[PDB]
Amino acid sequence: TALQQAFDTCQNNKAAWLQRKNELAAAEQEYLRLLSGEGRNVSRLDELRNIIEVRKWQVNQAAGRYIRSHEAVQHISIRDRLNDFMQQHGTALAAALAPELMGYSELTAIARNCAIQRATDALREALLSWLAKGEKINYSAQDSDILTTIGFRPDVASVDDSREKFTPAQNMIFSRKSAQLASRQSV
Amino acid sequence: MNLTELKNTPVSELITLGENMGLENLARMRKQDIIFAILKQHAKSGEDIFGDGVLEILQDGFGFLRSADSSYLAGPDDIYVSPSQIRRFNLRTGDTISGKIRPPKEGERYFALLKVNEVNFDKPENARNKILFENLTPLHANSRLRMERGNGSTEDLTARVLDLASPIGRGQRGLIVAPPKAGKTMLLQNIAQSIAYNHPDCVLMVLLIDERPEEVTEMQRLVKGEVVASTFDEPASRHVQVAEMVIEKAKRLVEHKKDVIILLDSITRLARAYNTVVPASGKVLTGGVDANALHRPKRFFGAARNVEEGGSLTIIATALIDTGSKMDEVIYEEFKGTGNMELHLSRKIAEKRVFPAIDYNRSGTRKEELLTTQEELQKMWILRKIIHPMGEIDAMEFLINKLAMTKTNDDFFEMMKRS
Ligand SMILES: Nc1ncnc2c1ncn2[C@@H]1O[C@H](COP(=O)(O)OP(=O)(O)OP(O)(O)=S)[C@@H](O)[C@H]1O
Ligand SMILES: [Mg+2]
């Protein structure tokens, strides 16, 4: 049931990120227009520069949270597809993996880990061979529409806007500045 | 027409409510004047209410009652306390009294009190018999105080740093020596909100004197506990009377086996204020300070202790360092050795902006064994031995770097022991 809530969380995060980008664009165009204008009010220029900084920080935060929500949605979908696929073909997997999976319960921790890594690189080679075969991969029927709407990868505008990294002190001072700025602008 | 909701709400609500039933134009009086008036006309209709405050006794036997939000400032909001009340309910200074009040009658200009119904958040009848301060016996700080959240923010990192640098326990006596621009503000914040988020059971108070108005007004909206302050605009008499009133109220509160924690700013400013207000004793030492001036702050700071039967008064205070005024080091040297522990801060650390600028090597505590366990204390001396060889600032970057990625100090212990 977490699939639907994750999907709507991702879509509303994307909508809020779009809101942030168009607000930032409006602020940028207003600042450019006032710069091109004859008006020399330095206070307006400084407050618009503060607007630009706050808006770009908010856009970066929105992009980051949208990316993390998208990754969470993809992880949940992958987990569910793996779960029902293994519930379908567990005997089929285990028939092939038997030579190094016998007595897993009685095996010690290091033996369990070594068997896990052996199965790990075995299936890694199997997936490499499958990719080398080169057939195009299609989404599951049960989760087709949600994955198509979300897409394989997020928008490039989300990933290129998160290039800059902010230290926690900068993030917190930006949070206070944005809070006070919104409080003053609302009035 | 209880003064609590008429005082917590902004002046706009007060003037709106005044215009609702028709007072004279309210945009010219003061907050105390406005509340006094509006309560007088609204109480003239014929109903009575409760009333809460803290009582003090002046030179005369008659007493006054003040409010906490008004920064302990005398005014029309003060409530009469007749000496008959002092006899019939053994009243003394610093008790929180809630009860029926009386509208100001003719010939009297402040508010009056009719009956008492809650003395020190308790029934007055059962509070008649009480153990007073002079016979109380102190004790070592045993109950460890937690200031760590584990969330991992910069405030959380500073909290973890101050926790590991020196232990803080209930009913202790501590000092925070730091020159200006050493981060005293967000440090004192850190302590305030950390013990507020960790120990809601104990009441939180912060007293502030001669700070800037912006600092105190951003204090009022940052800490959940009540904060009392008086800036440098008021004379030194206001500062000293606020300090004495609040410390005696805290003593009365802790007399009820209630844990109380005090953030004090600053012992040097307090000593200067008392020196200005106290009469000269004829024996002035270096710095224009006479002997009796520092005697009041001595017992002011010495009131911190841990009570045997219940409750604990913890006081952590800050002192100005090397500000260029010759009395600052006088009060410094006078107050050294009187506290259970001290925390040092430096300037060269904050020049490179390594926050917090605490000095681990100079930091220390007395009787750490009783306050904590041997295992965690040894897990502390190991950090001590690690930090002694290299420099203080280098240890600062080392500690912040190797504590940043770790969520909590407890996990940090096993993360560092393997190295
Ligand atoms: N933990 C911290 N997180 C973020 N900024 C900090 C931290 N500690 C110190 N600072 C910065 O340190 C600078 C100075 O701090 P202050 O609190 O103003 O110094 P101070 O010790 O209180 O002395 P004053 O107030 O200047 S007289 C500010 O710009 C703060 O942002
Ligand atoms: Mg400060």
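Residues numbered from 1 in each chain as written, not as in the entry; some residues may be left out. Chains lettered and ligands numbered in written order. Part of a larger assembly, values for the part shown. Heavy atoms only, no water.

cryo-EM is the method the PDB entry states for this structure, with the resolution given as 3.7 Å.

The name the PDB entry gives chain B is Transcription termination factor Rho, with Escherichia coli as the organism.

The PDB entry annotates chain A as Polarity suppression protein originating from Enterobacteria phage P4.

**Considerations on the pattern of salt bridges**
By the definition in use, this model includes 28 salt bridges over all chains. The residue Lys14(A) makes a salt bridge to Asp155(A) at a minimum N-O spacing of 2.4 Å. Here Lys14(A) is found in helix α1 (residues 2-36), whereas its partner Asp155(A) is found in the loop between α4 (144-150) and α5 (156-160), with 141 residues between them in sequence. Note that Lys7(B) and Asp77(B) form a salt bridge whose closest N and O atoms lie 4.0 Å from each other. Remark: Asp77(B) occurs in the loop between β2 (63-66) and β3 (79-81) and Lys7(B) occurs in helix α1 (residues 3-8); sequence separation between them is 70 residues. Residue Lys7(B) is classed as buried on the basis of its relative accessible area, which comes to 18%. One network of salt bridges, in which partners are shared, links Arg146(B), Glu148(B), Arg160(B) and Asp163(B). (Salt bridge = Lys/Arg side-chain N within 4 Å of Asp/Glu carboxyl O. Helix = DSSP H or I, 4+ residues; strand = E, 2+ residues; numbered from the N terminus. Buried < 20%, exposed > 50% of the residue type's maximum accessible area, 1.4 Å probe, protein only.)

**Focus on the sheet that holds strand β1 (residues 52-57) of chain B**
Residues and elements named next belong to chain B. Strand order across the open sheet formed by 5 strands is β3-β2-β1-β4-β7, with antiparallel pairing between neighbours. If you trace the sheet from one side to the other, it starts and ends with β3 and β7 (118-119), each paired once. Bridge count between β2 and β3: 3 bridges; the pairing is antiparallel. Residue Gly63 lies in a different strand from β3, and its bridge partner there is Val81. Lying on the sheet, helix α8 (residues 236-254) is in contact with β1, β2 and β4 (96-98); it crosses β1 at an angle near 110 degrees. (Pairing = 2+ DSSP bridges. Contact = heavy atoms within 4.5 Å. Axes fitted to C-alpha atoms, helices over the stretch in contact; angles between N-to-C directions.)

**Quick word on the site of ligand 1**
Residue and element names in this part refer to chain B. Taken together, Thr154, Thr158, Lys181, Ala182, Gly183, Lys184, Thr185, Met186, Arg212 and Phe355 form the complete shell of residues around ligand 1. For ligand 1, an oxygen atom lies 2.9 Å from a polar atom in the backbone of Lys181. Backbone polar atom of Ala182 to an oxygen atom of ligand 1: 2.7 Å apart, as the coordinates give it. Relative to its unbound accessible surface of 640 Å², ligand 1 loses 67% to contact with the protein. When contributions to the shell around ligand 1 are tallied by element, the ones reaching two or more residues are α5 (154-165) and α6 (184-198). For the shell around ligand 1, the element with the highest residue contribution is α6, accounting for 3 residues. (Near = heavy atom within 4 Å. Polar contact = N/O pair within 3.5 Å; in protein donor to acceptor, adjacent residues only side chain to side chain. Areas by Shrake-Rupley, 256 points an atom, 1.4 Å probe, with all protein chains shown as cover.)

**Looking at the pairing of strand β16 (residues 341-345) of chain B**
Residues and elements named next belong to chain B. Burial within β16 is extensive, with 4 of its 5 residues counted as buried. Pairing between strand β8 (residues 173-177) and β16: 4 bridges, direction parallel. Bridged to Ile176 within β16 is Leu343.

**Digging into the environment of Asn409(B)**
Residues and elements named next belong to chain B. Looking at the element boundaries, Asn409 is found in helix α16 (residues 409-417). When its relative accessible area of 13% is taken as the criterion, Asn409 is described as buried. With 49 residues separating them in the primary sequence, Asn409 and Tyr360 have C-alpha atoms 16 Å apart. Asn409 has contacts with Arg146, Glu148 and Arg160, leaving out every residue within four places of it along the chain.

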